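Let's start with one chain on its own, the form deposited in one PDB entry, as structure tokens.
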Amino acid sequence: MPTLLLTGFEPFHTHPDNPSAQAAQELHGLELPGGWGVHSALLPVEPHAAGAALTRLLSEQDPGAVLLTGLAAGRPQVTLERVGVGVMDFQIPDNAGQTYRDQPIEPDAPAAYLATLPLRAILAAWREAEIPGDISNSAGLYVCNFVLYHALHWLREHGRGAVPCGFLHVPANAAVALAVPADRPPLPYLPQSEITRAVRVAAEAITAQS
């Protein structure tokens, strides 16, 4: 019965693909040690619909741990977000064409929530699997940071602050790098098999700790 909720995002901006969606799709139903199972879902790149869908998932799936994933095109290695900040500030439109500027996510809620995943255990599991990675201390202020803040806040407000919950940003895959215009700098990337394996290793470390 213990469920790890794994989310990814749909493609956005000029990206034809989203490696976080591909990773979540491949890992859905994965049996992890200790009776744990992965339940995957895809979130839209739009904060209002994504929050609504994530609230339903958190309520209906009642997960023992939450691993939110997303694309960070430009980063060379998988990273774990240390903190979700309660602000929406979009450098590019979301998939509804909307932008927010210095917008508080919630009136009268914390300025931030620290991720509650076992960060150092994941890093060590990654290194053990020969996967380079690190902790990131800003998730941006786009939809990825939004769902990290949204999940941590919902969990805390429903007395489930003990449920380990965090964010895993993944590099571009080959498809994302190949779609970059010729006049722009080339992107660091990883084969999707590498990205999916990093998300799997992280999922396995989370449930082993929990």
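Note that residue numbering follows the sequence shown and begins at 1.
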item	value
Average Cα temperature factor in the PDB entry - higher stretch of 5 to 13, 192 to 200	5 to 13
48 to 56 set against 168 to 176, stretch whose average Cα temperature factor tops the other in the entry	48 to 56
Highest-ranked of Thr116, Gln77, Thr99, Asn137 once sorted by CA temperature factor in the record	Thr99
Ranked C-alpha temperature factor of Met88 among modelled chain residues, by third	middle
Record-listed C-alpha B factor of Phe146: chain third	middle
Chain thirds of CA B-factor: placement of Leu152	middle
CA B-factor placement of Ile105, once the chain's modelled residues are sorted into thirds	middle
Among modelled residues of the same chain, the CA temperature factor third for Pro185	highest
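Just so you know, the form solved in complex with a small molecule exists too; it's not on screen, but the next bit is about it.
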| item | value |
| --- | --- |
| Listed residue (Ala172, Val45, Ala65, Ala151) with a non-hydrogen atom within 4.5 angstroms of the small molecule in the entry with it bound | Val45 |
| Contact stretch among 31 to 39, 181 to 189, 54 to 62, 143 to 151 - heavy atom within 4.5 Å of the small molecule in the entry with it bound | 143 to 151 |
| Close approach of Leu80 to the small molecule in the entry with it bound, 4.5 Å, heavy atom | no |
| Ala115, heavy atom within 4.5 angstroms of the small molecule in the entry with it bound | no |
| 4.5 angstroms heavy atom contact with the small molecule in the entry with it bound for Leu71 | yes |
